[PDB]
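Enquirer: Submitted below is the structure of interest, expressed as structure tokens.
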Amino acid sequence: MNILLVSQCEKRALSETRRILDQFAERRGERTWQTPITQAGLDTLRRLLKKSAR
DNA sequence: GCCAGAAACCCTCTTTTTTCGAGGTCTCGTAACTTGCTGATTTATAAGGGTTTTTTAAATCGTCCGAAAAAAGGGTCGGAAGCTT
């Protein structure tokens, strides 16, 4: 597992998306993150993002 | 001859520094005021009832805006159905 995450969110949503992702990966751009992570970890990240999606 | 460093040249951004402009504000100079002379001619006016133009409100219309409602979409949970064992 070696992940790159990119965000295209808007307005209020992008504040939330930042709140989620920033806990799992260093921010390497205004809307991008990139780190290694375990497969189970990634699955949990996906679940958390889906839990509250505008 | 090789290698390194420093220096000269090119371009753009960032920040002060200077400059400029608008405009605001005050004060004094002065061309055109005001006050004073006469007498022939022109103009205004005391009241109030009937009569034109503009103001003013109301209504209407149109537009715009905002809010609410409805639609749309992202997703979760539980249940039922289908398939496989």
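Chain labels follow the order of the structure tokens: the first chain is A, the next B, and so on; residue numbering restarts at 1 in every chain, and ligands are counted from 1 in their shown order.
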Can you list every residue in region 12-53 of chain A that DSSP puts in helix (DSSP H, G or I), as a PDB file with C-alpha atoms, in the first residue's frame?
Expert:
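And here is the file that came out, out_20.pdb:
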```pdb
ATOM      1  CA  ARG A  12     -17.993  23.556   3.677  1.00  0.00           C
ATOM      2  CA  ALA A  13     -17.228  20.051   2.480  1.00  0.00           C
ATOM      3  CA  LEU A  14     -13.567  20.761   1.859  1.00  0.00           C
ATOM      4  CA  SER A  15     -13.152  21.866   5.468  1.00  0.00           C
ATOM      5  CA  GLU A  16     -14.544  18.524   6.520  1.00  0.00           C
ATOM      6  CA  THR A  17     -12.456  16.537   4.039  1.00  0.00           C
ATOM      7  CA  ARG A  18      -9.355  18.245   5.391  1.00  0.00           C
ATOM      8  CA  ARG A  19     -10.405  17.401   8.935  1.00  0.00           C
ATOM      9  CA  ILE A  20     -10.577  13.702   8.063  1.00  0.00           C
ATOM     10  CA  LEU A  21      -7.528  13.189   5.862  1.00  0.00           C
ATOM     11  CA  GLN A  39      -4.649  -1.852   3.649  1.00  0.00           C
ATOM     12  CA  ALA A  40      -6.916  -2.068   6.692  1.00  0.00           C
ATOM     13  CA  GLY A  41      -6.068   1.523   7.529  1.00  0.00           C
ATOM     14  CA  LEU A  42      -7.028   2.664   4.049  1.00  0.00           C
ATOM     15  CA  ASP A  43     -10.324   0.804   4.303  1.00  0.00           C
ATOM     16  CA  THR A  44     -11.062   2.601   7.569  1.00  0.00           C
ATOM     17  CA  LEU A  45     -10.166   5.922   5.955  1.00  0.00           C
ATOM     18  CA  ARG A  46     -12.595   5.238   3.121  1.00  0.00           C
ATOM     19  CA  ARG A  47     -15.326   4.346   5.593  1.00  0.00           C
ATOM     20  CA  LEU A  48     -14.778   7.523   7.598  1.00  0.00           C
ATOM     21  CA  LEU A  49     -14.893   9.707   4.497  1.00  0.00           C
ATOM     22  CA  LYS A  50     -18.107   8.071   3.326  1.00  0.00           C
ATOM     23  CA  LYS A  51     -19.672   8.444   6.776  1.00  0.00           C
TER      24      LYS A  51
END
```
Enquirer: Could you work out how far CA of residue 6 (chain A) lies from CA of residue 25 (chain A), giving the answer in Å with one decimal?
Expert: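 Going from CA of residue 25 (chain A) over to CA of residue 6 (chain A) covers 11.6 Å.
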Enquirer: Give as a ChimeraX atom specification every residue of chain B that touches chain A within 12 Å, counting only C-alpha atoms (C1' of nucleotides).
Expert: /B:73-76
Enquirer: Apply DSSP to the backbone of this structure and, from chain A, keep only the residues in strand (DSSP E); write these as a ChimeraX atom specification.
Expert: /A:2-6,32-36
